[PDB]
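Remarks on the structure that follows.
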Amino acid sequence: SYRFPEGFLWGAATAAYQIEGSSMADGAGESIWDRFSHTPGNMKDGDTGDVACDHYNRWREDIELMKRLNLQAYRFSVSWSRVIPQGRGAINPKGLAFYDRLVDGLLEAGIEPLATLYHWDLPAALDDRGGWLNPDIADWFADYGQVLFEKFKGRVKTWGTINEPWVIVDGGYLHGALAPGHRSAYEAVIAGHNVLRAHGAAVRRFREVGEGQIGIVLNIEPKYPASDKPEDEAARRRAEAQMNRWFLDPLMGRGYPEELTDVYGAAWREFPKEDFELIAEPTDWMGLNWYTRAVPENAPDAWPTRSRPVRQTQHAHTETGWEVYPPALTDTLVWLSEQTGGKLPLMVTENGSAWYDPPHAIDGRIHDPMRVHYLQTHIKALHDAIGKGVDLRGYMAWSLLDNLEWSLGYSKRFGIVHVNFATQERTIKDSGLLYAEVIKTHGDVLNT
Amino acid sequence: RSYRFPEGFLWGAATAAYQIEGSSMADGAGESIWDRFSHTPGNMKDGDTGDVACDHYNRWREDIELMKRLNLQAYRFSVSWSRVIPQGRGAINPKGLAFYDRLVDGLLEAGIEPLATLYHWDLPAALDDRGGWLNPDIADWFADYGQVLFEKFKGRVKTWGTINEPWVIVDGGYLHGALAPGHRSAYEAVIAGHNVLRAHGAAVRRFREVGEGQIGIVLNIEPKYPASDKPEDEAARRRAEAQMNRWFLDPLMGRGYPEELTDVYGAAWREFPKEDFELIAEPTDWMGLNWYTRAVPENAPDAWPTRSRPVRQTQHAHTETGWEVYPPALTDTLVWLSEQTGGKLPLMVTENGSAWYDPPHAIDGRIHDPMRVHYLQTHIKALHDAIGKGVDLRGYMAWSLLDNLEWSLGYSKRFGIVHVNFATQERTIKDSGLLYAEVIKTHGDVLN
Amino acid sequence: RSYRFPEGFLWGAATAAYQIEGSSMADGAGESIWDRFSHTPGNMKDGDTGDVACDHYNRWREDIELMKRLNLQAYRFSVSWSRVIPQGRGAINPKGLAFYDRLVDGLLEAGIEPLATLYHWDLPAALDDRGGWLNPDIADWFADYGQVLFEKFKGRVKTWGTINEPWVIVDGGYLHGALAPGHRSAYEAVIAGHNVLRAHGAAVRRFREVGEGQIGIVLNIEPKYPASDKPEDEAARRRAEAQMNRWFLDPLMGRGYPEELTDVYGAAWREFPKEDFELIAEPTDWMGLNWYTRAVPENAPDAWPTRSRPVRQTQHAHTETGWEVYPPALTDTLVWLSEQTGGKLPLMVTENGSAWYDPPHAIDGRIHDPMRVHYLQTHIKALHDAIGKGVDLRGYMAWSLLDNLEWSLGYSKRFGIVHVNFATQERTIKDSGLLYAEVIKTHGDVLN
Amino acid sequence: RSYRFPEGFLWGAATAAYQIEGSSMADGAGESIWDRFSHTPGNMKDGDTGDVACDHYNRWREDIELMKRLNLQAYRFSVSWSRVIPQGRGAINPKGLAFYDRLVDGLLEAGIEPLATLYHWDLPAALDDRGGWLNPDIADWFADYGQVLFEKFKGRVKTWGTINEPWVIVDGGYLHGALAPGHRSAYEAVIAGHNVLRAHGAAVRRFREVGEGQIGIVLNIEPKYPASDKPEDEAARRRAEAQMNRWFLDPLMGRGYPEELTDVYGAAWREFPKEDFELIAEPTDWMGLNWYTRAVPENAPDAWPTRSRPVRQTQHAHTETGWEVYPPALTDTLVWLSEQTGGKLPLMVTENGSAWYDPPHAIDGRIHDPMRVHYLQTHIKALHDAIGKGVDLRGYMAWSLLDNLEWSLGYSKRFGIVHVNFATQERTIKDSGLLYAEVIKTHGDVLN
Ligand SMILES: OC[C@H]1O[C@@H](O)[C@H](O)[C@@H](O)[C@@H]1O
Ligand SMILES: OC[C@H]1O[C@@H](O)[C@H](O)[C@@H](O)[C@@H]1O
Ligand SMILES: OC[C@H]1O[C@@H](O)[C@H](O)[C@@H](O)[C@@H]1O
Ligand SMILES: OC[C@H]1O[C@@H](O)[C@H](O)[C@@H](O)[C@@H]1O
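Residue numbers (our numbering), protein chains in the order written: chain A, -13 to 434; chain B, 44 to 491; chain C, 44 to 491; chain D, 44 to 491.
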């Protein structure tokens, strides 16, 4: 039996820049990704989110698709620069009105709106003032949060602050593969600290003006042993500290992992005690974004963790090159439950897989059997976790739609609904068909 | 819509020695250029080699059993020159010859037509040390090698292929160097191309003297379509077309070399003795077509040596090898090739198929490959269209029978209609293979 | 022909703080962007940093003795912003200011005129974290920094430079990312350039309020010559000329931004408030020119963003930095710059010199410098030619006094007229600085 | 300090055919592998070829005058195989052979001893088409080629060299592919090296039959020094040493192949029949040493195939080809080579010199090359040190007489003691050449 607990919430997730398009429309401001994507060499095939899924225009169609999928929740992000073009100061009413209509549409459809404040699209105007390197951003972010907290009070009840601080910082400040495209360990350390402070400040503001539940969203990639060599275990700890514990540990009031002094070396810094008090402001829930695991070994020339993943050729890999290994999802959920004392409600806010699909539907269908297989095995892994006592309250499939996979462009399809980027025609994939049935049966269909 | 095929139409599947056999040093087998090439670092993806491959040398009995499950009427395979004659010239390796002796007898008795190819890219290293395809004497070495097989398998193998894809042998092996023997030279490419043709002609002459049955060459054609109405693009198209599709076909048809090659190869181009062209044009009994895709070339001044590059056709699906999926071009090519041969040369599609990601292991004893399924059914229909237009097409060989070593791309590119678990050597018939077996049994009727 | 120079013509040598000082953390000095950039792997050739450099912070007295041996009449240096004001704003570091206090006293006492530059590329990291040159507030930050020096050195430093080479600051640091802070964005480049201009103006205004002497900016100019008669190439030349040579000069002369920048920077280009340009065009008392070579631009469609690239001038010598040796272009540039200023602005060649290979140690107390010696003779002569056509040229600063850290190219590029053995810090006067010392003594007569 | 050399000690300068002659197709000359290699895009720096070079084929009389101006007692040159025998075997090219006929007569009449090298890397393309150095027959082709020269210049050329630098021929041409014929294969490298040795032996045997004078091989040696006291590094040093310095010397001394080569080349290594080693160790009359620098190899697991890499010796000067300047290593090498040959073989430094930047044209009728001057004097001194230690050194040939085509590095690397302006073909004696002319004249007394 794979029936899920009472009240278990099923949904799907997106992000603003990945689906919306209409980057300049109706007074929308300029974001770091507007700039980054229009700089040559940054994006695969020169792709941008200028059009994407055209969701800003086709959201009503997209809500209809959600209903066909029997979604009970829809997780989305708000574009900071669409609502507050200069990041601070004047509101863009028409921009804010889009989310206003969207949320009401969802509520009328009986779909719970789960909003994320920040999904990587920082206003360019704030980047010009230092972005995540400017400690004032904690205040700017809380103010932005307040606007949505009050505007949507009683409508959006479950809130996420930051989506994946690691990717934001590792990609955007440490290695430069993502906006704003900086490459510096000095900046990475500072950016990481201010992301945490910003989350904390947003939660404090939420206690003052908000209604419902608030939490952060972390991606975790569990690190498994490559050998019995002590050098590899040390490497595994470095990889694990830099990716999985960097943010979780201070969030739990335990300070930064000890290994970061070694990983970041001279770039490492100590911060005032009041910062850590702020960062550890108690939350109501936490989101887990999960896709795969890694098997790190020692890699002396790899900067800065001195580690590299060992290819697990015994298992399938997705088109993004990620190992398919559902037991590690169960392990990670158990681990995170322990890290939170089993007292913090958990929600898989993202999980899914990318495989090749044709650019157009065939016979009005898209057959994606590997995405189908990934979906069912990982949902089963959720059930195993719940059986081991993990307080897990929901699952959001990434993603609702094929979309802009950031720097990898449109070449990587994560959607359970196929998007023809030439015609904007939507087609529900076989994965989406199965998912709609998983929801209807509350897991029962996984028996067969 | 009826897709019933002509009476006597031959259905089979194809492989090549180095891609499936393994046992590279076993039982007195000689060293080939691919034994050397694959064991040189940086040449092969993931450092893959053909040392084990599908272990077909050991498991051929199992594979014949698979052919019977697929209802195959023919099996197209290549003979390893260096397995049969270790030094390329001189002493026979009896136990190596015995493998093909057993294989053919096994096939005949299964009621399967053995279609043998003399050369599928695995030149003996000992001959490479004597210049390989750059030594004009290779025409004679090849004829001698052919004679051994012609006489040994007389009355058993009745349909013979000489050279499989002279273009890939030369473009890859001598012009750009991505394939064995890994040379990069326009000067050598011109010469190697000429001797490949001469070697083919010499083998046909030898066949008339000592052979029994039908003999021909196997060409790959990639039809070149217009990118625009710009004259410089049409000139680009003609260059690309001449270098890839007409380079070998024209002198094989007694029309000398394409005029554009003087422009393409410049100072590397040469004139050859008239007696060479007499040899090259030695009349054949049939011709094989290897076909996968089309291209849409545009002018590209810095592209060496044709000054052309393909325009990505984003409107259509692409395989994992990056090839556009477009079956009408197959119909067009067959008509074109029929015209170029006056409609009097029997044609056979000796290779056609597609590469898509498959997991490294079967899942519940199945491999679901819907895009390979779709490719298969659409291109087989495209054959029927060609036959309806008067093309003398007498057979179809699916590439490939097994997932195998895709040369420099290693095992990462799966062409098989039968899945091979390269960890365990377990075979699993893919959904594409299941459909093909039904296409054969119904002689096309399953397509309607 | 006499190559004697007008009375009052000032002879000197030039350096920059980060390139020579070392002692990055010494005596409460702050962290700069070059402290970060240089310690990030892959940014610097051979992993060189400015941690030690010429150890000038410790050896400045010895170096002043060398200036005397060279018969220098002026010494041009830069003040390290973060050494004086560690956080860029607020609390002053007394000891950091004490060093420059002592240095200036030492110069005047030795009879050598101190020419201070406010900004030579080493922005405080604290200010970079607030947006750096992307934050419009930096004009105020810079002015306050300038005031601290203007007052401190009232009556001692009489000739002031504000910004050293805005183009290199922006093109290298924000457009292409080859220099600190290592950003790569046309959007940021436009904004940074504007704020660099604004900061210059605000500095000049503050100077009028609180300072005694003359003040000006220092531009680098690289004259663009025709590569052919082709229209495309002439358009390329304008784009190249506009982006490098006119971008800053034109608004400094109140002529606005060059029209071609709209074409070069496309969607990244922006229009600014008219009040900004009035601040930018604040009257200066002089202008400095950095000159080394010319360029011969041709059309290059894939070269971003000017769509131009230099044609190698094989008929002439090239320095180790790859710059063509062509002294006539210095004469032309000086005339051109005189035209652009209107003859009403005093000019001073504030950097000129060349890099050639020298051994890492002196050979028998000597460094034989024939090509650098030759460069100096031919280029000093070209000044006279300019003075001969009535350009108001009032001085010449040789780059550089010492072999130093050539930024990203590390210590591998030696510009010094004095050799520095980076292994021992031992100084050795090159033949180049030795012809130079003689040129001053004879005031240009030795050149006849 | 006394630096007078023994009576009879022979002073000269050296060139190679392809590097200086030009006139690649002139007067019935055949095509070589370097004609092909150099005209393939990507192979040569700046796309440089030897089509013109120093135009020596046309200007050899002017050059002979230069040798007299330099008071050369000897001129070491190579004969172009394909210029004399266009197809490598068969018909002789009269006018091609006539060129070397007149050249030798001009030298003798000028009192300059002609030192001919049979093979300086320019294999006939026609023989490369037969496998080149991978074909065991090449020993006979080379012997036949030698005989043509041995008889033509009987009594006129008395000192003969067979192979110039087997290591560079094989390491560059067959192992790494940086030189013609551009192959990259350890399997081919092992075989090529063996046939080069066999060809050397066969040529010496033929010389005994039909020639007059003294014959020997020319080896390059690059002495390997310890990088540390780590065992991993000493093993790397031994691997590097065996593959570069002992690979050819040891079998030439009847000592067989170094045992480390089974470790360096692994599965590519082969055993050869005992008869071959008799041929290889065919007694010679003298041996040449090409020497320029040393190396300090450390362990490099990823470096193929020796798994070693040189540690940059920053304490010393390096030439423009990146070679450390360290004269004591020259003395050590000569002592080593003397010991290896039992002291009973006469030796001659047959190449030594250095590359530094020179302008493309003379500055007024002079080229001041102080670092090349310094290299020359310090190394000629190191020769004297060697002779003082008992090494039977009989002469010294400066590499090179003229600035020429430095193979793949093009004309960018100047080794000449005489400057060549490749725009005008005008020659100008460098200061190094002026010093050399006096060193000869005082028989070393100037070094005093
Ligand atoms: O597809 C990879 C995904 O990684 C997730 O963790 C991010 O939240 C998504 O925006 C992204 O698309
Ligand atoms: O590239 C896919 C296939 O192309 C064919 O034409 C070759 O004969 C095969 O060996 C290869 O696997
Ligand atoms: O590139 C050589 C020199 O260029 C000058 O314009 C810069 O001001 C120096 O700091 C630099 O060393
Ligand atoms: O490796 C030694 C080689 O050095 C090069 O600089 C010369 O040009 C060659 O002729 C010589 O054989």
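Virtual Cβ for every residue (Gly too), placed ideally from N, Cα, C.
Counting C-beta pairs closer than 8 Å gives fewer than three between the region 348 to 367 of chain C and the region 324 to 334 of chain C, which falls short of the contact rule. For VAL334 of chain A, the three-state secondary structure derived from DSSP is strand. One Cα belongs to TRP312 of chain B, the other to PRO326 of chain B, and the distance between them is close to 26 Å. For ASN284 of chain A, the enclosing beta strand (DSSP E) has its first and last residue at 282 to 284.
A distance criterion of 6 Å places the beta-carbon of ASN447 of chain B beyond contact range of ligand 1, judged by its closest non-hydrogen atom. Within the region 172 to 188 of chain D, the residues whose Cβ lies closer than 9 Å to some Cβ of chain B are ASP172, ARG173, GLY174, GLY175, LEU177, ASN178, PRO179, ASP180, listed in chain order. Every beta strand (DSSP E) of 3 residues or more that sits fully in the region 293 to 335 of chain B is shown, in chain order, as 330 to 333. Ligand 4 approaches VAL211 of chain D closely enough that one of its heavy atoms is under 6 Å from the residue's Cβ. A check of alpha carbon separations from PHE48 of chain C across C:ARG289, C:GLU449, C:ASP435, C:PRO344 identifies C:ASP435 as the nearest. Nearest to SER66 of chain D by C-alpha distance, out of D:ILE76, D:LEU452, D:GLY139, D:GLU108, is D:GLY139. In the structure shown, the three-state DSSP call for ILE414 of chain A is strand. Taking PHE257 of chain A as reference, the option from A:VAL431, A:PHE400, A:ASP36, A:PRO236 with the minimal CA-CA separation is A:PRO236.
In terms of side-chain proximity, the C-beta atom of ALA235 of chain C is found no nearer than 6 Å to any non-hydrogen atom of ligand 4. Around the Cβ of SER45 of chain D, a 10 Å sphere holds fewer than 16 other Cβ atoms; the residue is exposed. Put simply, the CB of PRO344 of chain A is near chain B, with a gap under 7 Å to one of its CB atoms.
Remark: the shortest separation between the CB of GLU208 of chain B and any heavy atom of ligand 2 falls under 6 Å.
C-alpha of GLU382 of chain B to C-alpha of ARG249 of chain B: approximately 28 Å in a straight line. About 10 Å separates the beta carbon of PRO266 of chain C from that of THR374 of chain C, a gap too long to meet the 8 Å contact definition. Annotation for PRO403 of chain B: no beta strand (DSSP E) segment contains it, and DSSP assigns it neither H nor E. Counting along the chain, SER121 of chain D sits inside the beta strand (DSSP E) bounded by residues 117 to 121. Assignment of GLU152 of chain B by DSSP, reduced to helix, strand and coil, places it in the helix class. Separation of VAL339 of chain D and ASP345 of chain D (C-alpha to C-alpha, rounded to the nearest whole angstrom) is 17 Å. When the Cα atoms are used, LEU292 of chain B and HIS462 of chain B turn out to be separated by approximately 34 Å. Contact annotation: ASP276 of chain C and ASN342 of chain C have beta-carbon atoms nearer than 7 Å. Close CB contacts of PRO345 of chain A within its chain, under the 8 Å cut and outside five residues either way in sequence, are with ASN406, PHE407, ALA408 (chain order). Taking 6 Å as the cut-off, the C-beta of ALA59 of chain C counts as close to a heavy atom of ligand 3. Judged by DSSP in its simplified three-state form, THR357 of chain C adopts coil rather than helix or strand.
The residues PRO389, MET391, in chain order, have a CB closer than 6 Å to that of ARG437 of chain C in the same chain once the five nearest residues on each side in sequence are set aside. Between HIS243 of chain D and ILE260 of chain D, the gap from beta carbon to beta carbon is short of 7 Å.
Relative to ligand 4, the beta carbon of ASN263 of chain D is positioned inside 6 Å of a heavy atom.
Taking the CA atoms as reference points, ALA245 of chain B sits about 57 Å from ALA163 of chain A. Boundaries for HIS462 of chain C: no alpha helix (DSSP H) harbours it, while the beta strand (DSSP E) harbouring it runs 461 to 464, taken from the DSSP string.
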